[PDB]
Amino acid sequence: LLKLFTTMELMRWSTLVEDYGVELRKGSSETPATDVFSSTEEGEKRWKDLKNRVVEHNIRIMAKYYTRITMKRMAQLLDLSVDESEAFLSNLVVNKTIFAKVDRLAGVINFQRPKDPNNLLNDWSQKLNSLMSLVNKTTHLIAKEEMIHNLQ
Amino acid sequence: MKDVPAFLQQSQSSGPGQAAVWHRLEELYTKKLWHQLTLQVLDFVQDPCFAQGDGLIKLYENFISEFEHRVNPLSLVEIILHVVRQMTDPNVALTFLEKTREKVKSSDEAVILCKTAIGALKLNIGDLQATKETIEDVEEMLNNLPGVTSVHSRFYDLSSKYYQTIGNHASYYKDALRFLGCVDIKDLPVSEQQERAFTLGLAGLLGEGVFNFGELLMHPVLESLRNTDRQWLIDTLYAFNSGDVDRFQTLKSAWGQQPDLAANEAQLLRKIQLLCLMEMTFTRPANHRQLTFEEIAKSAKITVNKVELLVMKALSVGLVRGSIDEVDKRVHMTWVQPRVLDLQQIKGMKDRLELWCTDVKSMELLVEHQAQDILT
Amino acid sequence: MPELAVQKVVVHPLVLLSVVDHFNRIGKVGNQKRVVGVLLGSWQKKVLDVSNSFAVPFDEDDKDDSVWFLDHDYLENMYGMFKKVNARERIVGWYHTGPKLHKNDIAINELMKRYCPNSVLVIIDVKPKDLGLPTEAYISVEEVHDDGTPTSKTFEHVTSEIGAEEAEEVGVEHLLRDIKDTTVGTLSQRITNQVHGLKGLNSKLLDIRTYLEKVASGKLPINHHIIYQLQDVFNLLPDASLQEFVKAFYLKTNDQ
Amino acid sequence: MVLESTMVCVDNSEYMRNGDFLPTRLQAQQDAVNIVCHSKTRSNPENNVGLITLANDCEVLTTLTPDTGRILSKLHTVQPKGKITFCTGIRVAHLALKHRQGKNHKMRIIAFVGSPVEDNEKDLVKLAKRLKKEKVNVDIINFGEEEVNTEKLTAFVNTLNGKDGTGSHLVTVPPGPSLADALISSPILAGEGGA
């Protein structure tokens with residue numbers, strides 16, 4: 001249960017519920033089946049929340065890692081329809097769980113800010129500066145490796 | 001002092017070839033050549049008594065005690081090591097090894113060596129927690145001192161055995177490489193070396209991590225030693241890279257041999273898919289950023305809805321960086337990892353670098369031309 | 001003994017001056033040989049300010065590594081003596097007299113740790129060259145090698161800067177037939193800095209480039225660091241883009 | 001001696017732990033190295049001794065001082081790692097000898113042997129020409145190549161003798177119970193031209 005969420009990979013509720021259903025509910029604590037908070041009967045009240053959490057997490061990882069994905073691919077993972085996802089998207093962004101913009105076409109999800117001149121500008125400076133720091137550092141290591149004891 | 005020659009003398013007359021080793025020992029102890037006497041005991045245990053004879057251990061107990069200051073701390077360990085191999089019971093060998101150890105003038109690592117010998121016994125018995133613990137402590141002690149030659153070589157090979165038995169691919173790969181720099185032959189048969197090449201080559205295939213394919217060739221261990229099991233291995237290393245689930249499903253016999261694969265069969269048929277991505281992205285990305293995703297899925301020979309999953313995992317760890325854009329069904333790679341210790345790549349970067357050098361010079365003349373008055 | 005306690009290294013004009021003089025002073029022992037001195041200065045400070053240096057006899061072979069002579073006596077007598085005058089200044093380490101970092105250096109360093117409470121490797125490139133600085137700072141780091149033997153001693157670079165007390169700066173101007181060189185200042189200086197940057201960049205790229213030729217043929221090792229650096233250049237693909245101009249300058253002169 | 005700079009080279013070997021000298025070689029050599037130093041000081045107060053180790057890679061232990069203390073403390077320590085690294089011992093010594101706090105004195109190397117000398121004839125002969133040109137003599141105390149080995153050393157010592165008034169000496173000490181001091185056989189306590 002810990003290992004799946006920690007590794008950022010795309011998943012879906014449909015598989016997640018069935019599997020964990022057998023593990024968590026069965027799990028011997030001190031010794032009994034009971035542990036609650038998404039395991040047993042009482043645990044079911046908390047479990048409902050777990051579904052919502054999978055869908056906030058799927059949209060988050062895809063947002064961070066990718067910059068564009070289609071809305072049809074996104075829905076399959078979340079286990080929503082487009083009309084259902086769209087409602088959910090309006091409230092998520094307001095709390096600031098994620099930043100994402102979805103359309104009605106289901107052509108695309110822009111997980112970046114729209115292509116305005118400032119983002120392009122910003123990246124272009126950062127790319128330049130990193131190279132210059134790296135070329136300096138490598139020359140210092142290289143100098144020892146070359147000369148050495150002067151046995152070669 | 002001389003309680004021990006009295007016993008050697010008696011024994012001296014018997015044994016077919018053991019007689020000779022005995023004659024030398026007595027002559028050297030009287031001269032009081034302490035260096036030469038210690039060097040004779042070493043030879044003595046290995047071919048004679050306790051293989052051809054019996055009762056080397058008993059003779060040894062007497063021998064180390066009194067003679068302790070005439071023998072050196074490293075050596076005492078070495079004599080005991082050979083007999084222990086020969087001992088049929090590891091239990092009785094463990095009893096001796098702990099008690100025997102001592103240290104006098106000319107201070108050394110002798111405690112640590114004696115520990116390696118104990119760790120080897122724990123493997124023989126085959127209780128995994130016990131072997132794991134001995135390996136950790138002794139390793140730490142060995143690792144701090146740079147001085148370790150012989151001891152490191154036998155110990156790393158022993159640990160190597162434990163990591164493939166438990167069945168963990170990552171542990172074996174890191175361990176194997178240290179064994180390669182520290183190598184020696186004290187009592188390292190041809191057989192052990194071959195097991196090491198074969199397991200190492202396989203280790204790189206089992207993980208879902210780093211691409212190890214180019215480097216495997218470079219490393220002397222596999223390259224120097226050959227057999228037909230490994231003849232199968234070389235083909236297999238670039239069978240996942242092209243993407244073939246067939247050039248390893250009939251060379252599939254290699255895994256059967258090792259116990260290393262024991263839950264890395266659930267990582268074998270994940271690695272193939274990462275490798276299909278690794279090949280195309282390495283060549284085409286660099287010059288121009290984007291590449292199609294359609295070629296990589298078909299090479300995988302596994303569906304589209306599960307290839308994305310591994311590829312996302314690869315972006316996450318940082319093995320590769322970039323995005324999957326499903327609006328056009330192509331993969332845009334920002335950065336690609338350069339596979340390490342490949343000769344071809346060095347040639348490739350050199351010619352590029354020279355073009356950059358030109359560019360700097362060309363530009364520099366222009367900047368000075370205008371604003372030269374201001375520059376002075 | 002402390003070498004790891006230095007992030008940043010600052011040198012007074014004095015040390016750069018002092019080293020060139022010592023080279024002659026020993027009785028003109030050079031060529032293959034080098035001259036070393038003590039560095040006196042601070043420690044237990046993240047900033048290392050090397051206050052002074054004084055001459056030490058030294059014969060170096062840097063083509064061998066099983067012979068060197070290092071004067072034992074000077075280090076000890078000098079550390080014992082100095083406490084009364086300055087309790088902070090202790091023997092900070094030793095300067096090497098170019099042309100670049102050697103593996104030949106670890107060996108000499110080791111001795112210096114024993115004798116002296118601290119050591120540091122400051123490499124001053126040979127006899128006076130350059131407009132800018134010729135000193136690089138290195139601290140001996142202990143690392144594991146995952147292919148050889150853990151605990152190897154090697155040198156990692158640390159940032160080199162300069163810095164000195166007020167009285168000393170005032171002295172430099174008096175002696176000297178100008179004040180200092182470029183690093184950034186006036187309108188003229190910024191543009192020079194740009195041209196200074198290009199000749200400087202070019203030097204770094206030659207080191208890598210000559211190395212690759214040597215690794216490919218002549219079999220110098222293949223390290224992951226060298227290869228990582230080269231690949232990134234192709235990948236990042238920088239794209240020229242708009243902005244940064246202004247027209248204000250004319251109105252101001254008109255008003256005046 | 002009177003106005004001599006001397007570097008004693010210390011042997012620390014797996015043949016120094018030995019018990020050929022009774023009760024132990026370590027001790028017997030320890031009495032020898034102290035005597036050599038006390039004698040030079042008693043001889044001239046201006047005389048100085050220095051320390052370098054032959055064994056392993058080169059460490060300059062002390063540059064020129066009167067101290068018997070430095071040479072004593074080193075001796076207690078044993079080195080299983082390194083024995084006689086002769087070729088190198090001469091080279092560090094020659095260099096070291098030059099810088100002095102008893103300036104414009106004669107140049108001398110005393111090396112103690114007490115282990116079989118690994119170095120072959122080609123190293124040895126080569127070393128003799130370097131010694132002539134710099135005009136430094138080397139003295140050998142030989143209990144290290146009678147113990148299980150033939151003496152390579154004699155020809156070299158003989159040739160080296162008479163390059164100045166403080167010539168070379170081959171000092172003969174037995175291998176078996178007789179200590180590392182039998183200094184009576186040839187001068188080394190102070191310089192002499194003869195062998």
# chains A, B, ... in the order shown; residues from 1 in each chain; ligands from 1
>>> select_by_dssp(residues="stretch 95-202 of chain C", states="strand (DSSP E)", output="compact mmCIF listing (two decimals) with N, CA, C and O atoms, in the first residue's frame")
# COMPACT_ATOMS: atom_id res chain seq x y z
N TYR C 95 51.40 25.78 -0.30
CA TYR C 95 51.12 26.16 -1.63
C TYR C 95 51.94 25.27 -2.47
O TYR C 95 53.08 24.94 -2.16
N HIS C 96 51.34 24.87 -3.64
CA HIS C 96 52.03 24.11 -4.71
C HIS C 96 52.18 25.13 -5.85
O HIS C 96 51.35 26.03 -5.99
N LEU C 121 45.57 22.86 0.06
CA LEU C 121 46.42 22.81 -1.10
C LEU C 121 45.97 24.05 -1.82
O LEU C 121 44.86 24.10 -2.33
N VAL C 122 46.82 25.08 -1.94
CA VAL C 122 46.56 26.19 -2.73
C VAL C 122 47.54 26.09 -3.87
O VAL C 122 48.70 25.98 -3.61
N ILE C 123 47.04 26.07 -5.12
CA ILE C 123 47.91 25.89 -6.28
C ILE C 123 47.98 27.21 -7.00
O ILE C 123 47.04 27.74 -7.61
N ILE C 124 49.18 27.78 -6.91
CA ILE C 124 49.55 28.96 -7.64
C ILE C 124 50.32 28.58 -8.84
O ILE C 124 51.42 28.00 -8.83
N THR C 135 45.11 31.35 -8.57
CA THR C 135 45.10 30.39 -7.51
C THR C 135 43.77 29.67 -7.58
O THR C 135 42.71 30.21 -7.73
N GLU C 136 43.88 28.37 -7.36
CA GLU C 136 42.81 27.44 -7.21
C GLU C 136 42.98 26.83 -5.79
O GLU C 136 44.09 26.57 -5.34
N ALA C 137 41.81 26.48 -5.15
CA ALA C 137 41.74 25.83 -3.80
C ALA C 137 41.19 24.45 -3.98
O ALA C 137 40.26 24.19 -4.75
N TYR C 138 41.82 23.56 -3.22
CA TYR C 138 41.45 22.14 -3.17
C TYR C 138 41.51 21.66 -1.69
O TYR C 138 42.39 22.06 -0.95
N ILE C 139 40.59 20.74 -1.33
CA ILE C 139 40.51 20.09 -0.05
C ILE C 139 40.52 18.63 -0.47
O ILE C 139 39.87 18.25 -1.49
N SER C 140 41.27 17.83 0.27
CA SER C 140 41.48 16.42 0.13
C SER C 140 40.27 15.79 0.68
O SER C 140 40.03 16.00 1.88
N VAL C 141 39.47 15.02 -0.11
CA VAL C 141 38.24 14.39 0.33
C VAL C 141 38.48 12.91 0.31
O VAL C 141 39.25 12.46 -0.54
N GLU C 142 37.79 12.20 1.27
CA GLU C 142 37.87 10.74 1.32
C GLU C 142 36.57 10.25 0.83
O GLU C 142 35.51 10.74 1.22
N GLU C 143 36.72 9.27 -0.15
CA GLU C 143 35.56 8.81 -0.90
C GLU C 143 35.82 7.41 -0.96
O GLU C 143 36.98 7.03 -0.90
N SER C 152 39.91 6.11 -0.72
CA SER C 152 40.85 6.66 -1.64
C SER C 152 40.88 8.10 -1.26
O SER C 152 39.90 8.57 -0.65
N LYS C 153 42.04 8.78 -1.51
CA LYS C 153 42.29 10.17 -1.18
C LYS C 153 42.52 10.74 -2.48
O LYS C 153 43.31 10.27 -3.26
N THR C 154 41.70 11.81 -2.69
CA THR C 154 41.66 12.60 -3.90
C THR C 154 41.37 13.99 -3.54
O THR C 154 41.21 14.28 -2.38
N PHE C 155 41.36 14.93 -4.53
CA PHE C 155 41.19 16.37 -4.37
C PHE C 155 39.89 16.77 -5.09
O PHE C 155 39.73 16.49 -6.33
N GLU C 156 39.09 17.53 -4.34
CA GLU C 156 37.90 18.16 -4.89
C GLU C 156 38.10 19.65 -4.80
O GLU C 156 38.51 20.25 -3.79
N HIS C 157 37.74 20.30 -5.91
CA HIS C 157 37.82 21.78 -5.99
C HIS C 157 36.69 22.40 -5.16
O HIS C 157 35.59 21.87 -4.89
N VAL C 158 37.08 23.67 -4.64
CA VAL C 158 36.28 24.60 -3.83
C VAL C 158 36.55 25.93 -4.37
O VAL C 158 37.65 26.13 -4.88
>>> residues_around(residues="stretch 344-346 of chain B", least_positions_apart="6", cutoff="12 Å", atoms="only C-alpha atoms", output="ChimeraX atom specification")
/B:214-215,218,282-283,337-338,352-353 /C:208-217,219-224,226-231
>>> write_last_selection(atoms="N, CA, C and O atoms", output="short mmCIF file (atom, residue, chain, number, x, y, z; two decimals), in the first residue's frame")
data_model
loop_
_atom_site.label_atom_id
_atom_site.label_comp_id
_atom_site.auth_asym_id
_atom_site.auth_seq_id
_atom_site.Cartn_x
_atom_site.Cartn_y
_atom_site.Cartn_z
N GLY B 214 26.17 -1.46 -22.28
CA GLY B 214 27.42 -1.11 -22.92
C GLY B 214 28.58 -1.41 -22.05
O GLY B 214 29.56 -1.86 -22.55
N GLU B 215 28.43 -1.09 -20.73
CA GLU B 215 29.49 -1.20 -19.78
C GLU B 215 29.90 -2.62 -19.52
O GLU B 215 31.04 -2.87 -19.15
N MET B 218 32.85 -3.88 -21.57
CA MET B 218 34.09 -3.25 -21.17
C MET B 218 34.79 -3.91 -20.00
O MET B 218 36.02 -3.97 -19.97
N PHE B 282 18.01 7.70 -27.28
CA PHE B 282 19.42 8.01 -27.22
C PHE B 282 19.99 8.53 -28.51
O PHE B 282 20.56 9.65 -28.51
N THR B 283 19.64 7.81 -29.61
CA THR B 283 20.04 8.39 -30.88
C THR B 283 19.39 9.68 -31.38
O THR B 283 20.12 10.64 -31.62
N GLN B 337 19.94 10.12 -20.65
CA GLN B 337 21.07 9.66 -19.87
C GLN B 337 22.11 9.17 -20.85
O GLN B 337 21.69 8.56 -21.84
N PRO B 338 23.38 9.36 -20.66
CA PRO B 338 24.40 8.82 -21.44
C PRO B 338 24.83 7.58 -20.72
O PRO B 338 25.18 7.60 -19.55
N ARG B 352 32.03 17.35 -31.88
CA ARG B 352 31.06 18.45 -31.51
C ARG B 352 31.72 19.55 -30.77
O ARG B 352 31.33 20.74 -30.87
N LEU B 353 32.62 19.17 -29.88
CA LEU B 353 33.24 20.10 -28.94
C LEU B 353 34.08 21.10 -29.80
O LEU B 353 34.01 22.30 -29.44
N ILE C 208 38.65 19.51 -21.90
CA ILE C 208 37.82 18.37 -22.13
C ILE C 208 38.08 17.72 -23.35
O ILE C 208 38.21 16.49 -23.39
N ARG C 209 38.21 18.51 -24.40
CA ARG C 209 38.44 18.07 -25.73
C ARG C 209 39.70 17.26 -25.93
O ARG C 209 39.74 16.15 -26.49
N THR C 210 40.86 17.73 -25.38
CA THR C 210 42.15 17.02 -25.48
C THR C 210 42.14 15.64 -24.71
O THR C 210 42.74 14.71 -25.21
N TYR C 211 41.39 15.56 -23.60
CA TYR C 211 41.14 14.45 -22.83
C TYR C 211 40.40 13.35 -23.54
O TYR C 211 40.74 12.19 -23.38
N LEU C 212 39.32 13.68 -24.35
CA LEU C 212 38.54 12.72 -25.02
C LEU C 212 39.39 11.93 -26.02
O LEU C 212 39.19 10.71 -26.16
N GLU C 213 40.27 12.68 -26.71
CA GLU C 213 41.19 12.14 -27.73
C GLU C 213 42.10 11.22 -27.06
O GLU C 213 42.30 10.10 -27.51
N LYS C 214 42.60 11.61 -25.88
CA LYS C 214 43.40 10.77 -25.10
C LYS C 214 42.67 9.52 -24.48
O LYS C 214 43.22 8.45 -24.54
N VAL C 215 41.40 9.66 -24.04
CA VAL C 215 40.69 8.48 -23.58
C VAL C 215 40.37 7.43 -24.66
O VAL C 215 40.59 6.26 -24.44
N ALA C 216 39.89 7.88 -25.86
CA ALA C 216 39.50 7.09 -27.00
C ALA C 216 40.65 6.28 -27.46
O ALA C 216 40.55 5.10 -27.68
N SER C 217 41.80 6.88 -27.66
CA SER C 217 43.02 6.23 -28.03
C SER C 217 44.20 6.70 -27.15
O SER C 217 44.66 7.84 -27.35
N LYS C 219 43.88 5.13 -24.10
CA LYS C 219 43.25 4.38 -22.97
C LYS C 219 43.35 5.03 -21.61
O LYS C 219 43.68 4.42 -20.61
N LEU C 220 43.03 6.35 -21.53
CA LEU C 220 42.80 6.99 -20.21
C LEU C 220 41.40 6.63 -19.74
O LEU C 220 40.54 6.43 -20.62
N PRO C 221 41.13 6.45 -18.46
CA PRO C 221 39.85 5.92 -17.97
C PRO C 221 38.59 6.68 -18.55
O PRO C 221 38.71 7.79 -19.01
N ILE C 222 37.34 6.06 -18.45
CA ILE C 222 36.08 6.63 -18.93
C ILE C 222 35.40 6.85 -17.58
O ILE C 222 35.26 5.81 -16.90
N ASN C 223 35.03 8.11 -17.23
CA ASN C 223 34.40 8.47 -15.99
C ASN C 223 33.02 9.02 -16.38
O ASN C 223 32.82 9.68 -17.43
N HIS C 224 31.98 8.75 -15.52
CA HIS C 224 30.61 9.12 -15.79
C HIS C 224 30.42 10.66 -15.82
O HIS C 224 29.57 11.20 -16.55
N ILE C 226 32.49 13.11 -17.05
CA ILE C 226 32.95 13.76 -18.24
C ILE C 226 31.83 13.65 -19.30
O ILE C 226 31.49 14.63 -19.95
N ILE C 227 31.27 12.41 -19.39
CA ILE C 227 30.25 12.07 -20.33
C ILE C 227 28.87 12.75 -20.09
O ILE C 227 28.29 13.25 -20.98
N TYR C 228 28.53 12.89 -18.77
CA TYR C 228 27.35 13.57 -18.33
C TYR C 228 27.35 15.00 -18.77
O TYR C 228 26.31 15.51 -19.30
N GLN C 229 28.51 15.69 -18.61
CA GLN C 229 28.61 17.07 -18.94
C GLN C 229 28.42 17.39 -20.41
O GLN C 229 27.68 18.28 -20.87
N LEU C 230 29.02 16.61 -21.26
CA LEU C 230 28.95 16.78 -22.71
C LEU C 230 27.58 16.66 -23.41
O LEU C 230 27.26 17.40 -24.32
N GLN C 231 26.77 15.70 -22.92
CA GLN C 231 25.47 15.26 -23.38
C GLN C 231 24.52 16.34 -23.19
O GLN C 231 23.66 16.53 -24.03
#
>>> select_by_dssp(residues="stretch 44-247 of chain C", states="alpha helix (DSSP H)", output="NGL selection string")
:C and (72-82 or 105-115 or 166-175 or 187-216 or 224-236)
>>> interface_residues(of="chain D", to="chain C", cutoff="9 Å", atoms="only C-alpha atoms", output="count of residues only")
18
>>> closest_atom_pairs(of="chain C", to="chain A", cutoff="6 Å", atoms="only C-alpha atoms", output="JSON lines")
{"residue": "C:63", "atom": "CA", "partner": "A:150", "partner_atom": "CA", "distance": 4.9}
{"residue": "C:101", "atom": "CA", "partner": "A:144", "partner_atom": "CA", "distance": 5.0}
{"residue": "C:102", "atom": "CA", "partner": "A:144", "partner_atom": "CA", "distance": 4.5}
{"residue": "C:103", "atom": "CA", "partner": "A:148", "partner_atom": "CA", "distance": 4.2}
{"residue": "C:104", "atom": "CA", "partner": "A:149", "partner_atom": "CA", "distance": 4.3}
{"residue": "C:238", "atom": "CA", "partner": "A:124", "partner_atom": "CA", "distance": 5.5}
>>> closest_atom_pairs(of="chain D", to="chain B", cutoff="9 Å", atoms="only C-alpha atoms", output="tab-separated table")
residue	atom	partner	partner_atom	distance
D:14	CA	B:35	CA	6.2
D:15	CA	B:35	CA	5.8
D:16	CA	B:35	CA	8.8
D:17	CA	B:34	CA	7.4
D:18	CA	B:34	CA	5.0
D:19	CA	B:32	CA	5.2
D:20	CA	B:32	CA	5.1
D:21	CA	B:32	CA	8.4
D:77	CA	B:106	CA	7.5
D:78	CA	B:106	CA	5.1
D:79	CA	B:106	CA	6.3
D:80	CA	B:106	CA	6.2
D:147	CA	B:33	CA	8.4
D:176	CA	B:31	CA	7.1
>>> write_last_selection(atoms="N, CA, C and O atoms", output="PDB file, in the first residue's frame")
ATOM      1  N   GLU D  14      59.968  -7.286   8.930  1.00  0.00           N
ATOM      2  CA  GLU D  14      59.470  -8.485   9.529  1.00  0.00           C
ATOM      3  C   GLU D  14      60.698  -9.320   9.984  1.00  0.00           C
ATOM      4  O   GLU D  14      60.512 -10.326  10.699  1.00  0.00           O
ATOM      5  N   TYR D  15      61.966  -8.967   9.559  1.00  0.00           N
ATOM      6  CA  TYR D  15      63.171  -9.535  10.124  1.00  0.00           C
ATOM      7  C   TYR D  15      63.722  -8.738  11.252  1.00  0.00           C
ATOM      8  O   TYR D  15      64.881  -8.953  11.694  1.00  0.00           O
ATOM      9  N   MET D  16      63.078  -7.726  11.799  1.00  0.00           N
ATOM     10  CA  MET D  16      63.514  -6.901  12.959  1.00  0.00           C
ATOM     11  C   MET D  16      62.819  -7.384  14.274  1.00  0.00           C
ATOM     12  O   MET D  16      63.220  -7.116  15.441  1.00  0.00           O
ATOM     13  N   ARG D  17      61.685  -8.098  14.178  1.00  0.00           N
ATOM     14  CA  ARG D  17      60.949  -8.672  15.242  1.00  0.00           C
ATOM     15  C   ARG D  17      61.707  -9.837  15.789  1.00  0.00           C
ATOM     16  O   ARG D  17      61.557 -10.178  16.940  1.00  0.00           O
ATOM     17  N   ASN D  18      62.562 -10.530  14.940  1.00  0.00           N
ATOM     18  CA  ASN D  18      63.375 -11.710  15.090  1.00  0.00           C
ATOM     19  C   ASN D  18      64.061 -11.776  16.490  1.00  0.00           C
ATOM     20  O   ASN D  18      64.264 -10.794  17.201  1.00  0.00           O
ATOM     21  N   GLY D  19      64.385 -13.045  16.841  1.00  0.00           N
ATOM     22  CA  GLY D  19      65.083 -13.294  18.114  1.00  0.00           C
ATOM     23  C   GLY D  19      66.482 -13.883  17.982  1.00  0.00           C
ATOM     24  O   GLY D  19      67.045 -14.440  18.887  1.00  0.00           O
ATOM     25  N   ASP D  20      67.171 -13.644  16.752  1.00  0.00           N
ATOM     26  CA  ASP D  20      68.581 -14.029  16.544  1.00  0.00           C
ATOM     27  C   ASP D  20      69.524 -13.353  17.486  1.00  0.00           C
ATOM     28  O   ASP D  20      70.299 -13.955  18.182  1.00  0.00           O
ATOM     29  N   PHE D  21      69.318 -12.007  17.668  1.00  0.00           N
ATOM     30  CA  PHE D  21      69.882 -11.324  18.760  1.00  0.00           C
ATOM     31  C   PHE D  21      68.923 -11.619  19.891  1.00  0.00           C
ATOM     32  O   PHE D  21      67.755 -11.624  19.794  1.00  0.00           O
ATOM     33  N   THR D  77      58.235   1.355  17.214  1.00  0.00           N
ATOM     34  CA  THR D  77      57.347   0.914  16.239  1.00  0.00           C
ATOM     35  C   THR D  77      57.990  -0.001  15.187  1.00  0.00           C
ATOM     36  O   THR D  77      59.141   0.167  14.867  1.00  0.00           O
ATOM     37  N   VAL D  78      57.261  -1.054  14.765  1.00  0.00           N
ATOM     38  CA  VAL D  78      57.612  -2.153  13.823  1.00  0.00           C
ATOM     39  C   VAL D  78      56.911  -1.851  12.566  1.00  0.00           C
ATOM     40  O   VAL D  78      55.756  -1.362  12.543  1.00  0.00           O
ATOM     41  N   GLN D  79      57.451  -2.246  11.422  1.00  0.00           N
ATOM     42  CA  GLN D  79      56.757  -2.109  10.186  1.00  0.00           C
ATOM     43  C   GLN D  79      56.862  -3.428   9.581  1.00  0.00           C
ATOM     44  O   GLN D  79      57.907  -3.903   9.266  1.00  0.00           O
ATOM     45  N   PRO D  80      55.722  -4.170   9.439  1.00  0.00           N
ATOM     46  CA  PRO D  80      55.648  -5.422   8.672  1.00  0.00           C
ATOM     47  C   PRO D  80      55.629  -5.108   7.197  1.00  0.00           C
ATOM     48  O   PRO D  80      55.845  -6.027   6.358  1.00  0.00           O
ATOM     49  N   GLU D 147      72.373 -13.687   7.657  1.00  0.00           N
ATOM     50  CA  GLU D 147      71.331 -14.364   8.410  1.00  0.00           C
ATOM     51  C   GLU D 147      70.631 -15.500   7.584  1.00  0.00           C
ATOM     52  O   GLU D 147      70.240 -16.490   8.207  1.00  0.00           O
ATOM     53  N   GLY D 176      73.621 -14.417  14.407  1.00  0.00           N
ATOM     54  CA  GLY D 176      73.229 -15.154  15.625  1.00  0.00           C
ATOM     55  C   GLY D 176      73.524 -14.358  16.839  1.00  0.00           C
ATOM     56  O   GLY D 176      74.026 -13.234  16.642  1.00  0.00           O
TER      57      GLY D 176
END
